[PDB]
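Participant: Sharing my_file12.cif (mmCIF, C-alpha atoms and all ligand atoms) below.
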```cif
data_query
#
loop_
_atom_site.label_atom_id
_atom_site.label_comp_id
_atom_site.auth_asym_id
_atom_site.auth_seq_id
_atom_site.Cartn_x
_atom_site.Cartn_y
_atom_site.Cartn_z
CA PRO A 1 -40.06 -7.03 -46.59
CA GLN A 2 -38.69 -10.16 -44.93
CA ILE A 3 -35.17 -10.24 -43.49
CA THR A 4 -33.56 -13.59 -42.78
CA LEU A 5 -31.01 -13.83 -39.99
CA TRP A 6 -28.12 -15.67 -41.65
CA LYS A 7 -26.26 -12.35 -41.46
CA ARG A 8 -26.63 -9.32 -39.24
CA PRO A 9 -29.93 -7.48 -40.00
CA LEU A 10 -28.27 -4.24 -41.07
CA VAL A 11 -30.35 -1.52 -42.75
CA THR A 12 -29.86 2.10 -43.77
CA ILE A 13 -31.43 4.71 -41.53
CA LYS A 14 -31.87 8.46 -41.93
CA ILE A 15 -31.49 10.57 -38.78
CA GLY A 16 -30.59 14.21 -38.23
CA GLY A 17 -30.11 14.69 -41.97
CA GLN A 18 -27.56 11.85 -42.13
CA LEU A 19 -27.59 8.29 -43.44
CA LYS A 20 -26.18 5.57 -41.19
CA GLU A 21 -26.25 1.77 -40.93
CA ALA A 22 -28.02 0.16 -37.97
CA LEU A 23 -29.14 -3.25 -36.72
CA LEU A 24 -32.80 -4.15 -36.39
CA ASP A 25 -32.45 -5.43 -32.81
CA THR A 26 -35.38 -7.18 -31.08
CA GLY A 27 -33.22 -7.53 -27.96
CA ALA A 28 -32.80 -3.75 -27.59
CA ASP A 29 -35.49 -1.97 -25.57
CA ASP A 30 -34.10 1.40 -26.71
CA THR A 31 -32.41 2.73 -29.84
CA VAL A 32 -28.68 3.41 -29.42
CA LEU A 33 -26.60 5.19 -32.05
CA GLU A 34 -22.96 6.10 -32.55
CA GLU A 35 -21.69 9.48 -31.42
CA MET A 36 -23.36 12.25 -33.39
CA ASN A 37 -23.84 15.92 -32.55
CA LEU A 38 -27.62 16.19 -32.73
CA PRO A 39 -29.17 19.60 -32.01
CA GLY A 40 -31.24 20.41 -28.97
CA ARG A 41 -31.41 19.37 -25.35
CA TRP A 42 -30.74 15.91 -23.94
CA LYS A 43 -30.64 14.01 -20.65
CA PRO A 44 -27.89 11.70 -19.35
CA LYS A 45 -28.66 8.00 -19.20
CA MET A 46 -26.89 4.69 -18.54
CA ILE A 47 -27.76 1.49 -20.40
CA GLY A 48 -26.43 -1.97 -19.67
CA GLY A 49 -25.72 -5.11 -21.61
CA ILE A 50 -23.10 -7.82 -21.85
CA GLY A 51 -19.93 -6.34 -20.37
CA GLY A 52 -21.63 -3.65 -18.29
CA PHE A 53 -22.96 -0.12 -18.81
CA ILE A 54 -22.16 2.80 -21.07
CA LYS A 55 -23.05 6.47 -20.74
CA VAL A 56 -25.35 7.89 -23.42
CA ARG A 57 -27.23 11.09 -24.18
CA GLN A 58 -31.01 10.70 -24.47
CA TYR A 59 -32.73 12.75 -27.19
CA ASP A 60 -36.53 12.72 -27.43
CA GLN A 61 -38.91 13.18 -30.36
CA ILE A 62 -36.25 12.39 -32.96
CA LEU A 63 -37.37 11.62 -36.51
CA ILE A 64 -35.82 8.50 -38.04
CA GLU A 65 -36.52 6.79 -41.35
CA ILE A 66 -35.84 3.05 -41.60
CA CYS A 67 -36.18 1.43 -45.05
CA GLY A 68 -38.56 4.17 -46.12
CA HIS A 69 -40.65 3.74 -42.96
CA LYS A 70 -40.84 6.84 -40.79
CA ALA A 71 -40.68 6.79 -37.01
CA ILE A 72 -40.31 9.30 -34.20
CA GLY A 73 -39.07 8.56 -30.72
CA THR A 74 -36.24 8.49 -28.25
CA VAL A 75 -32.68 7.98 -29.47
CA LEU A 76 -29.71 7.36 -27.20
CA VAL A 77 -26.35 8.63 -28.46
CA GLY A 78 -23.00 7.53 -27.12
CA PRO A 79 -19.87 5.43 -27.62
CA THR A 80 -21.79 2.33 -28.60
CA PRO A 81 -19.84 -0.24 -30.65
CA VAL A 82 -22.86 -0.61 -32.97
CA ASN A 83 -25.99 1.25 -34.01
CA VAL A 84 -29.10 -0.65 -32.90
CA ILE A 85 -32.72 0.10 -33.73
CA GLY A 86 -34.66 -0.99 -30.65
CA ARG A 87 -38.26 -1.95 -30.01
CA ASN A 88 -39.36 1.63 -29.34
CA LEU A 89 -38.93 2.26 -33.08
CA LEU A 90 -39.33 -1.27 -34.50
CA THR A 91 -42.95 -1.28 -33.33
CA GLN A 92 -43.55 1.96 -35.19
CA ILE A 93 -42.49 0.45 -38.52
CA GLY A 94 -44.63 -2.65 -37.98
CA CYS A 95 -41.75 -5.10 -37.46
CA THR A 96 -42.52 -8.59 -36.14
CA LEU A 97 -40.65 -11.81 -35.49
CA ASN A 98 -42.04 -14.78 -37.39
CA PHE A 99 -41.37 -18.51 -37.24
CA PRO B 1 -46.12 -17.64 -34.40
CA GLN B 2 -45.99 -13.93 -35.23
CA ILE B 3 -44.55 -11.88 -32.37
CA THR B 4 -44.99 -8.12 -32.05
CA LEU B 5 -42.45 -6.01 -30.19
CA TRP B 6 -44.49 -3.81 -27.83
CA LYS B 7 -43.06 -5.97 -25.05
CA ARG B 8 -39.85 -7.96 -24.87
CA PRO B 9 -40.01 -11.09 -27.12
CA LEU B 10 -39.55 -13.52 -24.24
CA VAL B 11 -40.16 -17.22 -24.82
CA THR B 12 -39.80 -20.45 -22.90
CA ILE B 13 -36.86 -22.67 -23.81
CA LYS B 14 -35.83 -26.18 -22.76
CA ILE B 15 -32.12 -26.86 -22.36
CA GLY B 16 -30.39 -29.66 -20.49
CA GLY B 17 -33.90 -30.90 -19.71
CA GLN B 18 -34.72 -27.69 -17.83
CA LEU B 19 -37.17 -24.92 -18.70
CA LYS B 20 -36.05 -21.28 -18.79
CA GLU B 21 -37.19 -17.92 -20.15
CA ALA B 22 -35.11 -16.30 -22.90
CA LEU B 23 -35.15 -13.25 -25.16
CA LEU B 24 -35.30 -13.58 -28.94
CA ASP B 25 -32.46 -11.21 -29.83
CA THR B 26 -31.79 -10.44 -33.49
CA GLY B 27 -28.91 -8.17 -32.43
CA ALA B 28 -26.97 -11.10 -30.95
CA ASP B 29 -24.79 -13.25 -33.22
CA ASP B 30 -24.63 -15.93 -30.52
CA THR B 31 -26.81 -17.45 -27.81
CA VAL B 32 -25.77 -16.53 -24.26
CA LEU B 33 -27.41 -17.92 -21.12
CA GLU B 34 -26.98 -17.09 -17.45
CA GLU B 35 -24.80 -19.32 -15.28
CA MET B 36 -26.19 -22.84 -15.16
CA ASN B 37 -25.10 -26.46 -15.01
CA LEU B 38 -24.94 -28.15 -18.42
CA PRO B 39 -23.65 -31.67 -19.14
CA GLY B 40 -20.77 -32.23 -21.53
CA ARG B 41 -17.41 -30.73 -22.35
CA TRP B 42 -16.91 -26.99 -22.74
CA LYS B 43 -14.21 -24.55 -23.76
CA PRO B 44 -13.55 -21.06 -22.35
CA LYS B 45 -14.36 -18.20 -24.72
CA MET B 46 -14.65 -14.41 -24.73
CA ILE B 47 -17.62 -12.45 -26.09
CA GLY B 48 -18.16 -8.71 -26.40
CA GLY B 49 -21.35 -6.76 -25.84
CA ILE B 50 -22.31 -3.11 -25.52
CA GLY B 51 -20.32 -2.61 -22.30
CA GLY B 52 -17.26 -4.74 -22.94
CA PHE B 53 -16.15 -8.37 -22.98
CA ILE B 54 -17.06 -11.25 -20.67
CA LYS B 55 -15.76 -14.79 -20.17
CA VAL B 56 -18.18 -17.60 -21.05
CA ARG B 57 -18.21 -21.38 -21.28
CA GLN B 58 -18.80 -22.56 -24.85
CA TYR B 59 -20.96 -25.68 -25.25
CA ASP B 60 -21.18 -27.02 -28.79
CA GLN B 61 -23.94 -29.07 -30.42
CA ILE B 62 -26.35 -28.59 -27.51
CA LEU B 63 -29.98 -29.57 -27.89
CA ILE B 64 -32.29 -26.65 -27.14
CA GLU B 65 -36.01 -26.21 -27.86
CA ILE B 66 -37.28 -22.66 -28.40
CA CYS B 67 -41.02 -22.03 -28.18
CA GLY B 68 -41.72 -25.55 -29.40
CA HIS B 69 -39.03 -25.57 -32.11
CA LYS B 70 -35.92 -27.71 -31.87
CA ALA B 71 -32.39 -26.47 -32.42
CA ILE B 72 -28.95 -28.02 -31.96
CA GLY B 73 -26.12 -25.54 -31.79
CA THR B 74 -23.64 -23.56 -29.76
CA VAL B 75 -24.67 -22.11 -26.40
CA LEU B 76 -22.52 -19.75 -24.33
CA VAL B 77 -22.95 -19.70 -20.54
CA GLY B 78 -21.75 -16.80 -18.43
CA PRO B 79 -22.60 -13.51 -16.69
CA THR B 80 -25.04 -12.13 -19.24
CA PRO B 81 -27.72 -9.78 -17.85
CA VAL B 82 -30.45 -11.96 -19.42
CA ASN B 83 -30.78 -15.18 -21.42
CA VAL B 84 -30.58 -14.25 -25.12
CA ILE B 85 -31.31 -16.44 -28.14
CA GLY B 86 -29.01 -15.27 -30.92
CA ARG B 87 -29.04 -15.63 -34.68
CA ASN B 88 -27.14 -18.93 -34.61
CA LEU B 89 -30.33 -20.54 -33.24
CA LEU B 90 -32.94 -18.11 -34.62
CA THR B 91 -31.96 -19.29 -38.11
CA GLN B 92 -32.42 -22.93 -37.07
CA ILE B 93 -36.03 -22.36 -36.03
CA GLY B 94 -36.82 -20.42 -39.22
CA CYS B 95 -37.15 -17.01 -37.59
CA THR B 96 -37.29 -13.90 -39.78
CA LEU B 97 -37.94 -10.21 -39.32
CA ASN B 98 -40.91 -8.85 -41.24
CA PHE B 99 -42.36 -5.39 -41.74
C1 LIG A 101 -17.25 -3.08 -33.03
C2 LIG A 101 -16.96 -4.11 -31.95
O1 LIG A 101 -18.17 -4.73 -31.57
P1 LIG A 101 -18.22 -5.56 -30.12
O2 LIG A 101 -17.89 -6.96 -30.33
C3 LIG A 101 -20.01 -5.43 -29.46
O3 LIG A 101 -20.82 -5.38 -30.61
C4 LIG A 101 -22.21 -5.45 -30.34
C5 LIG A 101 -22.73 -4.94 -28.98
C6 LIG A 101 -24.23 -5.02 -28.68
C7 LIG A 101 -25.16 -5.58 -29.72
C8 LIG A 101 -26.65 -5.66 -29.40
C9 LIG A 101 -26.80 -6.71 -28.28
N1 LIG A 101 -26.19 -7.91 -28.74
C10 LIG A 101 -25.20 -8.65 -27.95
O4 LIG A 101 -24.84 -8.32 -26.86
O5 LIG A 101 -24.71 -9.84 -28.62
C11 LIG A 101 -23.55 -10.50 -28.14
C12 LIG A 101 -23.90 -12.10 -28.25
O6 LIG A 101 -23.84 -12.34 -29.56
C13 LIG A 101 -22.71 -11.40 -30.10
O7 LIG A 101 -23.09 -10.79 -31.15
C14 LIG A 101 -23.05 -9.20 -30.85
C15 LIG A 101 -22.45 -9.02 -29.68
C16 LIG A 101 -22.50 -10.34 -28.95
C17 LIG A 101 -28.29 -7.00 -28.01
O8 LIG A 101 -28.93 -7.25 -29.19
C18 LIG A 101 -28.94 -5.78 -27.34
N2 LIG A 101 -28.36 -5.60 -25.97
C19 LIG A 101 -29.17 -5.98 -24.79
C20 LIG A 101 -29.29 -7.51 -24.70
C21 LIG A 101 -27.94 -8.11 -24.26
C22 LIG A 101 -30.39 -7.86 -23.71
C23 LIG A 101 -30.13 -7.25 -22.30
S1 LIG A 101 -27.48 -4.15 -25.76
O9 LIG A 101 -26.70 -3.84 -26.95
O10 LIG A 101 -26.57 -4.28 -24.62
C24 LIG A 101 -28.77 -2.89 -25.44
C25 LIG A 101 -29.42 -2.13 -26.60
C26 LIG A 101 -30.50 -1.12 -26.27
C27 LIG A 101 -30.91 -0.89 -24.80
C28 LIG A 101 -30.27 -1.64 -23.70
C29 LIG A 101 -29.17 -2.68 -24.01
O11 LIG A 101 -30.85 -1.22 -22.45
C30 LIG A 101 -31.62 -0.14 -22.75
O12 LIG A 101 -31.80 -0.09 -24.27
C31 LIG A 101 -24.63 -6.09 -31.09
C32 LIG A 101 -23.15 -6.03 -31.38
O13 LIG A 101 -17.21 -4.85 -29.01
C33 LIG A 101 -17.11 -5.45 -27.76
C34 LIG A 101 -16.99 -4.34 -26.66
#
```
Give the structure from this file in structure tokens form.
Ligand SMILES: CCOP(=O)(COc1ccc(C[C@H](NC(=O)O[C@H]2CO[C@H]3OCC[C@H]32)[C@H](O)CN(C[C@@H](C)CC)S(=O)(=O)c2ccc3c(c2)OCO3)cc1)OCC

Facilitator:
Amino acid sequence: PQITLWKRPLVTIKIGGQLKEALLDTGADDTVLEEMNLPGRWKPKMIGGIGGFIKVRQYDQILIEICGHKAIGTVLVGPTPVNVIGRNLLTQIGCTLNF
Amino acid sequence: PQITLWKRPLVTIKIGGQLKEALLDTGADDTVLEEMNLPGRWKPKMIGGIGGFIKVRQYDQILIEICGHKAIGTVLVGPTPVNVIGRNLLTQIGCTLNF
């Protein structure tokens, strides 16, 4: 599909057996999701943007489905104000910018 | 052009007659550039990112060319970690997400 950018590019994702809403974010290197108690091990990480850094938990080899497109990769979990799908997963679903 | 996302979608922009590098950022509502000198009036504003809020200078109706495509819109100047082109200008140049 084609998503215009008049409004926030919000889509439904499936992760850890749950459905959530997330932004398709070409400015995000990594994927950052709201607090959720995913199973398994993790590693601490800090990520920075406008306003500074937040602390997140890095989970690897996580399965996510985005608009029926499956992907598997690293997900960062923490007190982010918004769920963002970053380039690590956008590439896997074949997402491009076009103008 | 069609831009894949294996690397950051960085492009050259021209603003205030000066060339800069900026990130096409579908997760940003607004366009935020690092500290620079711009001609014209401005108003102080606050914007919030992943780590908190920052103070910026709001310049309205600014000419800015993005990868060969002209826009005229609002540009925020302040302590952003990187120059980001937000949806307010991505829409002007006809940019969409596609997968
Ligand atoms: C519920 C209240 O929300 P809120 O206002 C904040 O909400 C939002 C916060 C963040 C975003 C996404 C963020 N957009 C953003 O900053 O846009 C600004 C300007 O336009 C406005 O529109 C939305 C906010 C304003 C970028 O797309 C992506 N970022 C990096 C980018 C700056 C390049 C360095 S990143 O998120 O930091 C990030 C993601 C993955 C990573 C990483 C860093 O490093 C490793 O992987 C969207 C909405 O609370 C205030 C505390």

Participant: Can you move chain A onto chain B by a least-squares fit over all C-alpha atoms paired in order, then give me the moved copy as a PDB file with C-alpha atoms, in the coordinates of the input?

Facilitator:
```pdb
ATOM      1  CA  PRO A   1     -46.447 -17.253 -34.787  1.00  0.00           C
ATOM      2  CA  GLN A   2     -45.898 -13.500 -34.980  1.00  0.00           C
ATOM      3  CA  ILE A   3     -44.307 -11.596 -32.096  1.00  0.00           C
ATOM      4  CA  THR A   4     -44.703  -7.836 -31.947  1.00  0.00           C
ATOM      5  CA  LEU A   5     -41.986  -5.784 -30.288  1.00  0.00           C
ATOM      6  CA  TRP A   6     -43.957  -3.521 -27.945  1.00  0.00           C
ATOM      7  CA  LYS A   7     -42.460  -5.600 -25.125  1.00  0.00           C
ATOM      8  CA  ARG A   8     -39.349  -7.722 -24.868  1.00  0.00           C
ATOM      9  CA  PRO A   9     -39.666 -10.863 -27.078  1.00  0.00           C
ATOM     10  CA  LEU A  10     -39.388 -13.326 -24.204  1.00  0.00           C
ATOM     11  CA  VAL A  11     -40.156 -17.014 -24.799  1.00  0.00           C
ATOM     12  CA  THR A  12     -39.789 -20.259 -22.871  1.00  0.00           C
ATOM     13  CA  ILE A  13     -36.902 -22.491 -23.861  1.00  0.00           C
ATOM     14  CA  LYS A  14     -35.984 -26.038 -22.867  1.00  0.00           C
ATOM     15  CA  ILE A  15     -32.272 -26.787 -22.442  1.00  0.00           C
ATOM     16  CA  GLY A  16     -30.402 -29.422 -20.462  1.00  0.00           C
ATOM     17  CA  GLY A  17     -33.681 -30.751 -19.072  1.00  0.00           C
ATOM     18  CA  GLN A  18     -34.634 -27.313 -17.704  1.00  0.00           C
ATOM     19  CA  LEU A  19     -37.115 -24.624 -18.702  1.00  0.00           C
ATOM     20  CA  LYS A  20     -35.868 -21.035 -18.838  1.00  0.00           C
ATOM     21  CA  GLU A  21     -36.975 -17.690 -20.286  1.00  0.00           C
ATOM     22  CA  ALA A  22     -34.924 -16.128 -23.086  1.00  0.00           C
ATOM     23  CA  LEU A  23     -35.052 -13.249 -25.564  1.00  0.00           C
ATOM     24  CA  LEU A  24     -35.350 -13.835 -29.290  1.00  0.00           C
ATOM     25  CA  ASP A  25     -32.438 -11.528 -30.169  1.00  0.00           C
ATOM     26  CA  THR A  26     -31.674 -10.672 -33.819  1.00  0.00           C
ATOM     27  CA  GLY A  27     -28.720  -8.583 -32.623  1.00  0.00           C
ATOM     28  CA  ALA A  28     -27.006 -11.585 -30.995  1.00  0.00           C
ATOM     29  CA  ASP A  29     -24.705 -13.609 -33.252  1.00  0.00           C
ATOM     30  CA  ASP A  30     -24.467 -16.313 -30.565  1.00  0.00           C
ATOM     31  CA  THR A  31     -26.782 -17.714 -27.900  1.00  0.00           C
ATOM     32  CA  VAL A  32     -25.857 -16.688 -24.344  1.00  0.00           C
ATOM     33  CA  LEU A  33     -27.516 -18.176 -21.271  1.00  0.00           C
ATOM     34  CA  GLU A  34     -27.374 -17.656 -17.524  1.00  0.00           C
ATOM     35  CA  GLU A  35     -25.026 -19.746 -15.419  1.00  0.00           C
ATOM     36  CA  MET A  36     -26.015 -23.399 -15.562  1.00  0.00           C
ATOM     37  CA  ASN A  37     -23.973 -26.527 -14.892  1.00  0.00           C
ATOM     38  CA  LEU A  38     -24.342 -28.328 -18.211  1.00  0.00           C
ATOM     39  CA  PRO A  39     -22.588 -31.694 -18.584  1.00  0.00           C
ATOM     40  CA  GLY A  40     -19.630 -32.328 -20.828  1.00  0.00           C
ATOM     41  CA  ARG A  41     -16.637 -30.425 -22.106  1.00  0.00           C
ATOM     42  CA  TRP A  42     -16.493 -26.739 -23.001  1.00  0.00           C
ATOM     43  CA  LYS A  43     -14.090 -24.079 -24.264  1.00  0.00           C
ATOM     44  CA  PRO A  44     -13.478 -20.591 -22.834  1.00  0.00           C
ATOM     45  CA  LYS A  45     -14.707 -17.645 -24.863  1.00  0.00           C
ATOM     46  CA  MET A  46     -15.122 -13.870 -24.544  1.00  0.00           C
ATOM     47  CA  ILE A  47     -18.055 -11.991 -26.068  1.00  0.00           C
ATOM     48  CA  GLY A  48     -18.493  -8.241 -26.217  1.00  0.00           C
ATOM     49  CA  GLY A  49     -21.356  -5.806 -26.260  1.00  0.00           C
ATOM     50  CA  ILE A  50     -22.331  -2.477 -24.766  1.00  0.00           C
ATOM     51  CA  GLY A  51     -20.179  -2.055 -21.664  1.00  0.00           C
ATOM     52  CA  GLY A  52     -17.423  -4.455 -22.711  1.00  0.00           C
ATOM     53  CA  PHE A  53     -16.765  -8.204 -22.582  1.00  0.00           C
ATOM     54  CA  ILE A  54     -17.777 -11.084 -20.356  1.00  0.00           C
ATOM     55  CA  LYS A  55     -16.242 -14.527 -19.953  1.00  0.00           C
ATOM     56  CA  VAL A  56     -18.419 -17.470 -20.995  1.00  0.00           C
ATOM     57  CA  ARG A  57     -18.144 -21.223 -21.432  1.00  0.00           C
ATOM     58  CA  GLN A  58     -18.850 -22.483 -24.959  1.00  0.00           C
ATOM     59  CA  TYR A  59     -20.796 -25.753 -25.242  1.00  0.00           C
ATOM     60  CA  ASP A  60     -21.329 -27.319 -28.672  1.00  0.00           C
ATOM     61  CA  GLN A  61     -24.084 -29.536 -30.069  1.00  0.00           C
ATOM     62  CA  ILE A  62     -26.578 -28.553 -27.372  1.00  0.00           C
ATOM     63  CA  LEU A  63     -30.247 -29.381 -27.920  1.00  0.00           C
ATOM     64  CA  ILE A  64     -32.655 -26.506 -27.275  1.00  0.00           C
ATOM     65  CA  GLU A  65     -36.399 -26.279 -27.819  1.00  0.00           C
ATOM     66  CA  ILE A  66     -37.901 -22.836 -28.454  1.00  0.00           C
ATOM     67  CA  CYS A  67     -41.716 -22.585 -28.608  1.00  0.00           C
ATOM     68  CA  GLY A  68     -41.932 -26.231 -29.598  1.00  0.00           C
ATOM     69  CA  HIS A  69     -39.303 -25.762 -32.319  1.00  0.00           C
ATOM     70  CA  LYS A  70     -36.199 -27.887 -31.863  1.00  0.00           C
ATOM     71  CA  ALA A  71     -32.681 -26.663 -32.527  1.00  0.00           C
ATOM     72  CA  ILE A  72     -29.145 -27.863 -31.900  1.00  0.00           C
ATOM     73  CA  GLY A  73     -26.066 -25.698 -31.756  1.00  0.00           C
ATOM     74  CA  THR A  74     -23.565 -23.775 -29.715  1.00  0.00           C
ATOM     75  CA  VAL A  75     -24.603 -22.268 -26.387  1.00  0.00           C
ATOM     76  CA  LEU A  76     -22.473 -19.871 -24.368  1.00  0.00           C
ATOM     77  CA  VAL A  77     -22.934 -20.000 -20.592  1.00  0.00           C
ATOM     78  CA  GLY A  78     -21.810 -17.310 -18.199  1.00  0.00           C
ATOM     79  CA  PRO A  79     -22.773 -14.382 -15.971  1.00  0.00           C
ATOM     80  CA  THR A  80     -24.933 -12.751 -18.604  1.00  0.00           C
ATOM     81  CA  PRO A  81     -27.599 -10.346 -17.292  1.00  0.00           C
ATOM     82  CA  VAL A  82     -30.129 -11.918 -19.693  1.00  0.00           C
ATOM     83  CA  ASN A  83     -30.688 -15.092 -21.682  1.00  0.00           C
ATOM     84  CA  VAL A  84     -30.569 -14.361 -25.419  1.00  0.00           C
ATOM     85  CA  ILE A  85     -31.362 -16.705 -28.288  1.00  0.00           C
ATOM     86  CA  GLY A  86     -29.029 -15.627 -31.086  1.00  0.00           C
ATOM     87  CA  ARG A  87     -29.055 -16.046 -34.843  1.00  0.00           C
ATOM     88  CA  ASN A  88     -27.251 -19.394 -34.735  1.00  0.00           C
ATOM     89  CA  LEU A  89     -30.481 -20.873 -33.338  1.00  0.00           C
ATOM     90  CA  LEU A  90     -33.084 -18.390 -34.641  1.00  0.00           C
ATOM     91  CA  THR A  91     -32.281 -19.484 -38.194  1.00  0.00           C
ATOM     92  CA  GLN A  92     -32.917 -23.085 -37.219  1.00  0.00           C
ATOM     93  CA  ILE A  93     -36.472 -22.333 -36.081  1.00  0.00           C
ATOM     94  CA  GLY A  94     -37.232 -20.341 -39.233  1.00  0.00           C
ATOM     95  CA  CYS A  95     -37.387 -16.909 -37.569  1.00  0.00           C
ATOM     96  CA  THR A  96     -37.451 -13.800 -39.770  1.00  0.00           C
ATOM     97  CA  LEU A  97     -37.836 -10.066 -39.326  1.00  0.00           C
ATOM     98  CA  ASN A  98     -40.766  -8.607 -41.236  1.00  0.00           C
ATOM     99  CA  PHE A  99     -41.892  -5.058 -41.961  1.00  0.00           C
TER     100      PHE A  99
END
```

Participant: Write out as a CSV table (one decimal) with C-alpha atoms, in the frame of the given file the residues lying within 9 Å of residue 93 (chain B), counting all atoms listed in the file and excluding same-chain residues fewer than 5 positions away.

Facilitator:
```
chain,number,residue,atom,x,y,z
A,99,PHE,CA,-41.4,-18.5,-37.2
B,66,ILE,CA,-37.3,-22.7,-28.4
B,69,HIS,CA,-39.0,-25.6,-32.1
B,70,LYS,CA,-35.9,-27.7,-31.9
B,71,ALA,CA,-32.4,-26.5,-32.4
```

Participant: Give as a VMD selection string the residues surrounding ligand LIG 101 (chain A) up to a distance of 6 Å, considering only C-alpha atoms and all ligand atoms.

Facilitator: (chain A and resid 25 27 to 32 47 to 50 81 to 82) or (chain B and resid 25 27 to 30 48 to 53 81 to 82)

Participant: Take CA of residue 26 (chain B) and CA of residue 44 (chain A) and report the distance between them in Å, one decimal.

Facilitator: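 About the pair CA of residue 26 (chain B) and CA of residue 44 (chain A): they are 26.6 Å apart.
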
Participant: Any idea what's packed within 6 Å of region 4-9 of chain A, counting only C-alpha atoms, ignoring anything in its chain fewer than 5 positions away? Could you give it as an NGL selection string?

Facilitator: (:A and (23-24)) or (:B and (87 or 91 or 96))

Participant: Hey, which of A:1, A:68, A:78, A:94 ends up closest to residue 38 (chain A)? Count all atoms listed in the file.

Facilitator: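 Looking only at the distances to residue 38 (chain A), the closest residue turns out to be A:78.
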
Participant: Take CA of residue 11 (chain B) and CA of residue 56 (chain B) and report the distance between them in Å, one decimal.

Facilitator: 22.3 Å

Participant: Go ahead and compute the interatomic distance for CA of residue 90 (chain A) and CA of residue 34 (chain B), in Å to one decimal.

Facilitator: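 Interatomic distance, CA of residue 90 (chain A) to CA of residue 34 (chain B): 26.3 Å.
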
Participant: Rank A:97, A:76, A:62, A:46 by their smallest atom-to-atom distance to chain B, using all atoms listed in the file, and report the top residue only.

Facilitator: A:97

Participant: Smallest atom-to-atom distance to residue 37 (chain B): which of B:19, B:77, B:64, B:54, using all atoms listed in the file?

Facilitator: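 That would be B:77, the residue with the smallest distance to residue 37 (chain B).
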
Participant: I need the residue nearest residue 2 (chain A) from this list: A:18, A:67, A:36, A:73. Use all atoms listed in the file for the distance.

Facilitator: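 So, comparing all the options, the nearest one is A:67.
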
Participant: Which one of A:12, A:41, A:92, A:80 sits closest to chain B if you count only C-alpha atoms?

Facilitator: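 Among the listed residues, A:80 lies closest to chain B.
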
Participant: Taking all atoms listed in the file into account, name the residue in A:65, A:84, A:95, A:74 that is nearest to residue 33 (chain A).

Facilitator: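 Ranking A:65, A:84, A:95, A:74 by distance to residue 33 (chain A), first place goes to A:84.
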